[PDB]
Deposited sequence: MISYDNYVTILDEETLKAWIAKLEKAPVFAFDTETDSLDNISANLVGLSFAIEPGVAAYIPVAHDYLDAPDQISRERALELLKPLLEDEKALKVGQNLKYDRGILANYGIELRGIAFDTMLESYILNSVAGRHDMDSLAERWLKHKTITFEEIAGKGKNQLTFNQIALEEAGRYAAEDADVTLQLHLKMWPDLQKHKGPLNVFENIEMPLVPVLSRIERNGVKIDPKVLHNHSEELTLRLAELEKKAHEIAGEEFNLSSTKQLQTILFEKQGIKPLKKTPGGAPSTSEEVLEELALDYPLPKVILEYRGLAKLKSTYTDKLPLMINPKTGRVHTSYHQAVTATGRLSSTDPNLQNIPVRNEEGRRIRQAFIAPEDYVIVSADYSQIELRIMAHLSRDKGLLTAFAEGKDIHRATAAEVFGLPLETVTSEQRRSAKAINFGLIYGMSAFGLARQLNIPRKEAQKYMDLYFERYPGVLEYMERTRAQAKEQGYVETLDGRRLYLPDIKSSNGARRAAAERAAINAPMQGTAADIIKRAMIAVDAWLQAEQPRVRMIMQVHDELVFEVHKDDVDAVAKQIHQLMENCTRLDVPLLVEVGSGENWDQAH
């Protein structure tokens, strides 16, 4: 158990100063902030904790204000004394999710520098799939130590305390332990992170430098027009009511729009083959086949999609506007995916329909403030370009080199015809093949997406490999080393460990083989995107132009740029993204602008 004896609670300047002096001479030191809220832009700093050595840590409370709280160094005095050390790039700091701490300090005009080690990221790079990368999971895995949980000192549910209400010593145990454990975790993981120059490279030049840029993107937020979202909601209520009527009218009587309950009884009872359509889904969607002739499955399909969208973005988004900035601040997660891509929540920007009109209308609500425009910089089919490079295929490489549509270029080789004549159906077939290779899909899987018979899909796949021999060879070589070393790598050295690569279980080992082929392309896209963000952010920080980097979704970066600066800025973002990342993969950035994200997109 952690008691009051482990860590000191600093309540006087003299003692703070003695610690600042010891911290100034330490090789590295763990740093942590405690606040009254998870909301970064509006959280107030309640205290800070440091650890100079395993077992030697302190908690400096500055804003506890429960009834009769003892005197504390004031927040303003603690920060002015600590400011030099925090802003010194030479004073190296260790922390768990330093993105959060860097932001809190920024609420006071302090720029945390020397952001050298983040234990969450040390863990993530060592093995993205070892388990959760939070401090409690980390402490238990690497230190065989169970940490004090927030719920343990603050309580649970609606009656949970905020940090400023927690007694000094209790807050101390929690805060000082965070700092202590964090430093111990670093001492155990940092040495390990050196056994391989690959992960070390990614951790050092991709992950760590991205910490403060994600903080800045999150705190910048994105301007959302709540009126637009509201009208969209009202209109969707009318449209859903109308569709319900259109459905009732195509059949007889009233009924819910739920399959395997009410639909099979109408749809198949009035002709159609018995199997219902599961919402599995993107492999055999019964309702959408019927859609090409049968009107009911079409209106039930268009209905559900609209209902899901309205409650997920139309009704939720306006509620996410922060009263302090008037903007929405999404949460980017740097250590969650297996491949290295950034994930996103509240809102999950990646789930906003891309090829659909309603998704387009959601995007129309992401607007630019007055005298600014939304600028969208996208990496055109980066994953496919990466595959071209990874497979050393002169065919694909040349298609990209001469600016041809790779899907039509691919179709012209797989079907053997001039590029000008390739039909829409041939392009759609080559496209399914191409993007099917990225996710390592089976000839049968391809057939399930192309609506053709098995072995016909196999026919398209055999013709592809004959024409693009380099891709089969990459695919075979990748599944090979995956079984040899138990993991696959990206161009920068990032690793995806594959434990089920020899699973024996057919399904699991199947998944592990698809992950083997996919991770190097997806992880490499992720690495390039992070390097671009770091590069664009560095220019932003050095030059201070009239631009804010507001989002990262899929392979695009979204900005707010001043209307009178769009041309120069666009030229700049463009050169940075395709010329300041990897020089080996043939990259292309499509830059676009408009009054809203939909227009720029």
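Trainee: Hey, which stretches of the deposited sequence didn't make it into the model?
Mentor: No C-alpha for residues 280 to 283, nothing else.
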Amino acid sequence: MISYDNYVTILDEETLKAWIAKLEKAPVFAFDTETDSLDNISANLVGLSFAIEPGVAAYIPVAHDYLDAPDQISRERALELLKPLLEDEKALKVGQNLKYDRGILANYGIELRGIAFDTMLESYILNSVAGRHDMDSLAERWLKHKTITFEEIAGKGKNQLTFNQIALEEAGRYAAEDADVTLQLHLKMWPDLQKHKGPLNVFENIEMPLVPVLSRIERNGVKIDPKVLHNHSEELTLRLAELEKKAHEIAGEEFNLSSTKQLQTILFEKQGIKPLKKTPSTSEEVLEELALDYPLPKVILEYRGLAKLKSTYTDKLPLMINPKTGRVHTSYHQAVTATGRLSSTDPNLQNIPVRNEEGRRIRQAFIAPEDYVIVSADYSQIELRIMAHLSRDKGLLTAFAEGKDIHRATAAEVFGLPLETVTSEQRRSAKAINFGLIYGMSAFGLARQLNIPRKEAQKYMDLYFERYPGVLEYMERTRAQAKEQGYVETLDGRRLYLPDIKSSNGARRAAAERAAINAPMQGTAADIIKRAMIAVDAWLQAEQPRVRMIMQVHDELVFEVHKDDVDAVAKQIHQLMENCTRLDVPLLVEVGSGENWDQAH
From here on, numbers count along this sequence of modelled residues.
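Trainee: On mean C-alpha B-factor from the PDB entry, just flag whether 146 to 154 or 204 to 212 is the higher one.
Mentor: It is 146 to 154 that shows the higher mean C-alpha B-factor.
Trainee: So 339 to 347 or 71 to 79, which one's hotter by mean CA B-factor in the entry?
Mentor: The deposited B-factors put 339 to 347 ahead on the C-alpha mean.
Trainee: Of the options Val488, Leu296, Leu317, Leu105, which has the highest CA B factor as deposited?
Mentor: Comparing C-alpha B-factors across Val488, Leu296, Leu317, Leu105, the top value belongs to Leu296.
Trainee: Specify which of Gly172, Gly198, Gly109, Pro469 carries the largest Cα B factor in the deposited PDB entry.
Mentor: The listed residue with the largest C-alpha B-factor is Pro469.
Trainee: Among all modelled residues of this chain, ranked by Cα B factor, put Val354 in the bottom, middle or top third, i.e. lowest, middle or highest.
Mentor: Top third by C-alpha B-factor.
Trainee: Would you mind ranking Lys261 by its C-alpha B-factor against the rest of the chain and naming the third, lowest, middle or highest?
Mentor: Within its chain, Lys261 is a highest-third residue by C-alpha B-factor, going by the deposited values.
Trainee: Which third of the chain does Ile20 land in by C-alpha B-factor: lowest, middle or highest?
Mentor: According to the entry, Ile20 has a C-alpha B-factor in the chain's lowest third.
Trainee: Pull the Cα B-factor of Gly416 out of the PDB entry and bin it into the chain's lowest, middle or highest third.
Mentor: Highest third of the chain for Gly416's C-alpha B-factor.
Trainee: Check where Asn579 lands among this chain's C-alpha B-factors and tell me if it's the lowest, middle or highest third.
Mentor: CA B-factor rank for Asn579: highest third.
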